[PDB]
Amino acid sequence: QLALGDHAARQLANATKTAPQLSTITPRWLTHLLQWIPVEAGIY
Amino acid sequence: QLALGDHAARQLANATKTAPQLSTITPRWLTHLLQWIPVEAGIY
Amino acid sequence: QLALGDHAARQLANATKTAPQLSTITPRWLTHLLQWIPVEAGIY
């Protein structure tokens, strides 16, 4: 070995961590396309 | 010969020189299309 | 060959070109030494 290795050197390094990925996410186009109306007391 | 020739006259003239042309250059569309993310310390 | 050669490298370089040299040019001392007189209409 001539110099310090990558495996040893990484111990001082901070990894970039992503938020967990969810496979089931879909664009959900219908909710975006529909028009939403507020109801005063849950009755229409 | 009535007058000075083109071959002799060129010796006083400065040629327009291009930078060398490389045939292997390609547009490389994928690199342009991809989104690039920086990593803090080489770990993702 | 370890690196680019001089013959190839010169193709991008601009040569310094002199005006043509004439061997028959002489100092012509007599013309400088003589005194020159203008004549009005070519008759003296």
# chains A, B, ... in the order shown; residues from 1 in each chain; ligands from 1
>>> residues_around(residues="segment 28-42 of chain B", least_positions_apart="3", cutoff="9 Å", atoms="only C-alpha atoms", output="PyMOL selection string")
(chain A and resi 10+13-16) or (chain B and resi 25)
>>> write_last_selection(atoms="N, CA and C atoms", output="mmCIF file, in the first residue's frame")
data_model
loop_
_atom_site.group_PDB
_atom_site.id
_atom_site.type_symbol
_atom_site.label_atom_id
_atom_site.label_comp_id
_atom_site.auth_asym_id
_atom_site.auth_seq_id
_atom_site.Cartn_x
_atom_site.Cartn_y
_atom_site.Cartn_z
ATOM 1 N N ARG A 10 -13.072 7.036 4.070
ATOM 2 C CA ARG A 10 -14.525 7.365 4.132
ATOM 3 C C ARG A 10 -14.986 7.553 5.593
ATOM 4 N N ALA A 13 -15.769 10.859 6.438
ATOM 5 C CA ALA A 13 -16.562 11.631 5.492
ATOM 6 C C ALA A 13 -18.051 11.517 5.795
ATOM 7 N N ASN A 14 -18.772 12.614 5.531
ATOM 8 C CA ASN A 14 -20.248 12.662 5.749
ATOM 9 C C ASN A 14 -21.009 12.284 4.472
ATOM 10 N N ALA A 15 -21.805 11.218 4.497
ATOM 11 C CA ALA A 15 -22.602 10.792 3.358
ATOM 12 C C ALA A 15 -23.773 11.742 3.135
ATOM 13 N N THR A 16 -24.163 11.885 1.871
ATOM 14 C CA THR A 16 -25.364 12.629 1.516
ATOM 15 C C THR A 16 -26.548 11.671 1.552
ATOM 16 N N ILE B 25 -16.080 14.122 -31.816
ATOM 17 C CA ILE B 25 -16.970 14.940 -30.998
ATOM 18 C C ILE B 25 -18.419 14.673 -31.384
#
>>> select_by_dssp(residues="chain A", states="alpha helix (DSSP H)", output="ChimeraX atom specification")
/A:6-9,29-33
>>> write_last_selection(atoms="C-alpha atoms", output="PDB file, in the first residue's frame")
ATOM      1  CA  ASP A   6     -10.651   4.813   0.177  1.00  0.00           C
ATOM      2  CA  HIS A   7     -12.329   2.453   2.655  1.00  0.00           C
ATOM      3  CA  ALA A   8     -10.386   3.906   5.587  1.00  0.00           C
ATOM      4  CA  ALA A   9     -10.687   7.513   4.343  1.00  0.00           C
ATOM      5  CA  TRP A  29     -54.391  13.302 -12.120  1.00  0.00           C
ATOM      6  CA  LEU A  30     -58.086  12.967 -11.232  1.00  0.00           C
ATOM      7  CA  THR A  31     -57.753  14.880  -7.955  1.00  0.00           C
ATOM      8  CA  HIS A  32     -55.993  17.725  -9.774  1.00  0.00           C
ATOM      9  CA  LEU A  33     -58.580  17.789 -12.568  1.00  0.00           C
TER      10      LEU A  33
END
>>> atom_distance(atom1="atom CA of residue 23 of chain B", atom2="atom CA of residue 5 of chain C")
20.9 Å
>>> interface_residues(of="chain C", to="chain B", cutoff="8 Å", atoms="only C-alpha atoms", output="MDAnalysis selection string")
chainID C and resid 11:12 14:15 17:19
>>> write_last_selection(atoms="N, CA and C atoms", output="mmCIF file, in the first residue's frame")
data_model
loop_
_atom_site.group_PDB
_atom_site.id
_atom_site.type_symbol
_atom_site.label_atom_id
_atom_site.label_comp_id
_atom_site.auth_asym_id
_atom_site.auth_seq_id
_atom_site.Cartn_x
_atom_site.Cartn_y
_atom_site.Cartn_z
ATOM 1 N N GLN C 11 2.309 23.692 -37.451
ATOM 2 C CA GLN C 11 1.140 23.956 -38.353
ATOM 3 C C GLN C 11 0.192 25.007 -37.732
ATOM 4 N N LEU C 12 0.228 25.193 -36.409
ATOM 5 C CA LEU C 12 -0.675 26.167 -35.753
ATOM 6 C C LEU C 12 0.080 27.475 -35.573
ATOM 7 N N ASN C 14 2.322 30.945 -36.535
ATOM 8 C CA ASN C 14 2.503 31.993 -37.583
ATOM 9 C C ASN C 14 3.983 32.361 -37.748
ATOM 10 N N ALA C 15 4.561 32.160 -38.929
ATOM 11 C CA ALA C 15 5.945 32.507 -39.209
ATOM 12 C C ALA C 15 6.109 34.019 -39.314
ATOM 13 N N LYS C 17 7.648 36.822 -41.362
ATOM 14 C CA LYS C 17 8.030 36.923 -42.765
ATOM 15 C C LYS C 17 8.682 38.275 -43.016
ATOM 16 N N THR C 18 9.855 38.255 -43.639
ATOM 17 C CA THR C 18 10.544 39.484 -43.997
ATOM 18 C C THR C 18 10.128 39.950 -45.386
ATOM 19 N N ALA C 19 10.278 41.248 -45.623
ATOM 20 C CA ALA C 19 10.193 41.759 -46.978
ATOM 21 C C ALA C 19 11.354 41.201 -47.799
#
